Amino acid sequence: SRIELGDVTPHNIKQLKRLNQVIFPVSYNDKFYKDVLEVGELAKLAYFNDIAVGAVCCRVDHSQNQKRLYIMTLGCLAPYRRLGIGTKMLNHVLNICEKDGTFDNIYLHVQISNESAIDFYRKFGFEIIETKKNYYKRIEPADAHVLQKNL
């Protein structure tokens, strides 16, 4: 099948909102979707035979005297998993960081129960650097690991 990426645009943001609502256990607010339209290539949809089935949303973060890439959401609808879509999305954002060369690291939060996501990221060089107690407020478990890949 045809598996490729595309932009998040004002015309298709409704599809992104639906994908995130289906995939993730927490809701994202209007501000999140406003911000995704301002990050350029750091937010993308993933398509499988012309239907959007996944997405990645990141932002540049200036914290702890570093320039960091923060991955906020990265996911695929369950029927399309294990087809390389996650890999394509994550390699797209790693390619951007590589071209640039000015990022110190890439990081994200992940619920401690999500073993499969942790192992997926560990394949790309991410490591658990910290565990944030009560990061999530409405889901169980509430703890989040911080995964980081040093660039």
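Residues carry their position along the shown sequence, with the first being 1.
Review point. Mean CA B-factor: is it higher for 100-108 or for 50-58?
Key: If you average the C-alpha B-factors of 100-108 and of 50-58, the larger mean comes out for 100-108.
Check your understanding: Taking only the CA atoms, which stretch has the higher mean B-factor in the record, 66-74 or 118-126?
Key -> Comparing averages over the C-alpha atoms only gives 118-126.
Point to revise | residue 31, C-alpha B-factor rank within chain (lowest, middle or highest third) | key: It falls in the top third of the chain.
Practice item. Name the third of the chain's ranked CA B-factors that contains residue 144, choosing lowest, middle or highest. Key: It falls in the middle third of the chain.
Practice item. Please place residue 95 in the lowest, middle or highest third of its chain by C-alpha B factor as given in the entry. Key: Within its chain, residue 95 is a highest-third residue by C-alpha B-factor, going by the deposited values.
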